[PDB]
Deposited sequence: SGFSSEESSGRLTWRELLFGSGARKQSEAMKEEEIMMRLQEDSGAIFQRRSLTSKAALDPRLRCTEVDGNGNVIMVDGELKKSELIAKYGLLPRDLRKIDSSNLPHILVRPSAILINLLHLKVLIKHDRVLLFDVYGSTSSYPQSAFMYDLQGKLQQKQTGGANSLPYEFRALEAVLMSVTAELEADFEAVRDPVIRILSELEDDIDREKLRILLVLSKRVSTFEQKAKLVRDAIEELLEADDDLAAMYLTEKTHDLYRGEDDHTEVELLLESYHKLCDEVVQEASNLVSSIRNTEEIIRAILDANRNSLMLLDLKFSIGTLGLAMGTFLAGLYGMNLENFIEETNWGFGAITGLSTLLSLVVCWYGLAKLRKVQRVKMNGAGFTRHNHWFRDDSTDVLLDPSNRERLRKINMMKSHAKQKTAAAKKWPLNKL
């Protein structure tokens, strides 16, 4: 059900005064008042794709956290029913009030305020995302551990998500900039006085949009650079781990060779430890002779094992 969702709205009139505070307005009343279309509101209500639409009496903006309807006399900010106003929305409202209470027309000032708020939020989000990755990379320079690699991958996923979001916002602004008739139709005050700019006269809007398109492009480039650096660090860590595993295997082989070398001498001592006739008992040289022979044979076995271990891994 729920045919009418009773959206939450706030409005500002021509002089910048708060003509209406946070209230509940139906969709039908909003459509009747602003003369909109259901398709435009349905496009706005999607919270995945930003949109900047122009209509012969309105400008519709659905950016990251702003749902704004700008007319030549009124500005409306709306949201879903039951939602509470956040700090960025209050800051945007205060900035819009300050700019409107103070040459540029009304709609251009509103658009400037919206773009300034969006760029500030983008920069703050980028810094908040970027700082822990720098801290982790600083900590990883001393020792290499698998948990740190897992944390690095977890942070890299968030960096990629933010890069995608910033790229989407920049592409929306670029697609608005590429159109020519929309920039001509963005003049509302001259439209009220029956003046048409034409398709060859749009100077202020192009500069105003470019001045923030550049700011978005810088953030996108920086995010891409951070992603590349993270990937390189991960590759280096993996190579180091593989080398460590190979060294451990070689050490185990050397320990096995040593064990065999001791076992041979233990066997020889056991042979002369029997309860039989050795024929060299009660002689002074027997003990030293057998000890030297056993030690020499153990050393020879160890040397042969080490030599063949060196010869095998020569390739």
Discussion item. Lining up the deposited sequence with the coordinates, I want the ranges that have no C-alpha atoms.
Written reply: 1-55, 158-164, 378-433
